[PDB]
Amino acid sequence: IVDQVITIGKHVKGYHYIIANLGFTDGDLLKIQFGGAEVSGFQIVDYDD
Amino acid sequence: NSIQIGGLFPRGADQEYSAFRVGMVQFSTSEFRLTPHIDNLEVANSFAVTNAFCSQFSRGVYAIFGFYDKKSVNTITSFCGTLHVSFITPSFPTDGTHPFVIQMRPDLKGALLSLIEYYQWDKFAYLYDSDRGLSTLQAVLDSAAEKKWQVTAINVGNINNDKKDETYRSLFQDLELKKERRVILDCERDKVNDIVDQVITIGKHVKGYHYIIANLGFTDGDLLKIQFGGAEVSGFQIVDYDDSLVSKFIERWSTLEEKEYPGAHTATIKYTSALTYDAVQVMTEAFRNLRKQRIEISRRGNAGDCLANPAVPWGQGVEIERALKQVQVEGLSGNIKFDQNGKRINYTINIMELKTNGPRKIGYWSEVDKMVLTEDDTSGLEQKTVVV
Amino acid sequence: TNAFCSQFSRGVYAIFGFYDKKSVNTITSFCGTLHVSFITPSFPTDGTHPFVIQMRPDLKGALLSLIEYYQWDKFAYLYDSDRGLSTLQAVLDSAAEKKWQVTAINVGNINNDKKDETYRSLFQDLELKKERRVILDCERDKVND
Ligand SMILES: *[C@@H]1O[C@H](CO)[C@@H](O[C@@H]2O[C@H](CO)[C@@H](O[C@@H]3O[C@H](CO)[C@@H](O)[C@H](O[C@@H]4O[C@H](CO)[C@@H](O)[C@H](O)[C@@H]4O)[C@@H]3O)[C@H](O)[C@H]2NC(C)=O)[C@H](O)[C@H]1NC(C)=O
């Protein structure tokens with residue numbers, strides 16, 4: 001989905017995505033990271049512990 | 001009849017050489033055979049190019065086919081002019097009138113300026129690469145004075161590639177001060193993909209932006225990425241895949257073994273490679289028009305050292321030039337014709353636009369007719385005025 | 001190329017001369033390969049070419065500084081391609097950052113056996129925007145013209 005989103009260009013400022021899983025950093029975000037659209041999610045594995 | 005010629009191929013020109021080989025086969029006749037002496041050197045290095053030239057000259061060649069860079073171009077044009085040696089090249093056209101040089105690449109400068117006026121642009125960004133000379137840069141800058149344009153020229157060439165990201169972010173930061181939405185990419189097939197990729201990342205490929213790929217290979221690069229983005233993309237295509245001539249070439253090209261012919265198992269071909277193939281045809285028709293004209297030019301491999309002083313030009317070279325320049329056949333890059341200098345004339349460059357279904361020719365550009373649109377659309381859409 | 005190889009066969013320890021925007025690459029290349037030192041008053045090389053001593057300091061810096069001093073935002077830049085577009089790229093690149101409206105015009109390729117209807121058509125474009133601030137980047141000769 002993220003790949004398709006970037007292709008159609010719906011990853012720019014104005015869009016807001018929420019990844020409904022416990023692995024937010026488990027996927028590749030470097031792609032929709034500089035797009036502009038805000039992306040939120042959930043992380044269960046705190047790498048700060 | 002064995003005609004020895006030189007071949008200067010820059011390391012990495014796989015498809016170009018593959019196309020060079022296919023040409024040798026397709027245009028091989030019993031009347032005479034061409035003997036290519038291939039030399040793979042760093043085209044950029046002026047010194048190396050000098051040796052490769054004098055080496056092929058001592059071997060006693062009748063003509064030389066190769067490439068040059070913005071740095072080594074002066075070496076070639078100079079030596080070939082002094083030693084009366086003919087040099088055929090698909091590389092960018094020389095900025096001037098240099099004799100004994102045959103250029104396969106047509107001048108895009110004209111087609112570009114015409115396209116700008118078509119879209120009626122008054123303020124646009126011009127990202128250029130100093131690799132093919134600032135010949136086109138000067139073109140748009142000089143025209144910016146007459147046509148009154150606000151051009152934002154930016155050298156996207158000297159960007160160091162081992163950290164080239166904080167540079168692109170700072171690049172489109174300046175292209176946002178004036179809210180630039182219309183960009184012209186004057187780069188190679190490679191530097192274009194890099195920019196296109198960055199454009200998609202920052203999301204500047206959506207509706208509202210308009211890009212123009214300033215090269216003769218619009219379909220040579222990957223467009224599937226910025227195809228569904230929304231931003232309109234235009235460019236230029238020299239290899240018309242709609243010609244039965246080119247269509248037949250691909251039928252055999254796409255099937256060739258990629259093992260023996262590197263990067264040759266595709267349905268498309270880089271314009272640089274296509275010109276290489278057309279170059280072989282020009283050299284064949286040229287040496288053929290000399291046999292039928294009863295002109296003796298033959299010699300041996302004892303032309304001597306090129307640095308010979310005083311340097312004496314062999315008169316047989318003057319005829320070889322008048323032959324190549326007189327050639328006029330049909331190739332992948334449309335009608336091939338030349339003037340007294342070597343610059344191509346009476347050619348056609350198709351103007352391309354990228355739609356949802358893919359690239360589509362919206363017209364062509366003639367050196368004598370400028371831009372001419374081909375009505376391949378269903379116009380009159382939502383224009384029917386209400387009768388009150 | 002001959003003059004270089006000739007002086008090289010004569011066995012010299014160093015070479016002093018000049019180069020043009022066309023022959024510059026020949027010198028920088030040979031002198032780098034043959035480890036021969038080349039001293040020249042000509043324009044500085046656009047890069048880092050070893051075995052080359054350049055007497056002429058880089059003006060690119062001094063020019064850009066002067067522009068800011070007079071606080072210029074819109075000016076015409078008449079250049080000559082003889083000494084390379086090194087300074088042209090300088091003002092163009094800085095025009096992006098400092099936000100300038102530069103009107104670059106190649107006053108070099110002007111054929112001299114009829115160069116009058118060209119100058120009249122030159123200052124005709126420099127009047128559309130009423131340009132009153134011009135930068136002449138040319139040789140001592142092209143400047144007097
Ligand atoms: C500038 O560039 C133009 C575009 O390439 C070019 O136009 C071509 O001109 C040639 C010569 O007239 C055209 O060749 C003819 O096409 C027709 C129709 O398909 C053929 O019937 C004809 O066959 C001929 O058959 C004759 C039989 O008697 C024979 O005598 C002839 O030798 C020949 O074989 C030709 O094939 C060609 O189609 C044109 N190209 C285009 C428009 O696609 C111009 O010539 C050129 N201008 C100049 C002055 O050079």
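Here, residue 1 is simply the first one shown, and the rest follow in order.
Structure determined by X-ray crystallography, 3.6 Å.
The backbone N, Cα and C atoms fix where each Cβ goes, and this holds for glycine too.
Pulled from Swiss-Prot:
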- B:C54-B:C306: disulfide bond (DISULFID)
- B:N346: N-linked glycosylation site (CARBOHYD)
For B:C54 (disulfide bond): DSSP state (helix, strand, coil): helix
Collapsed DSSP category at the residue listed as 'N-linked glycosylation site': coil
Candidates near ligand 1 among the recorded positions B:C54, B:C306, B:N346, judged by a Cβ under 6 angstroms: B:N346
Neighbour count (Cβ, 10 Å) for B:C306 (disulfide bond): 20
Intrachain C-beta neighbours of B:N346 (N-linked glycosylation site), sequence separation six or more, cut-off 8 angstroms: B:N335, B:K337, B:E367, B:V368
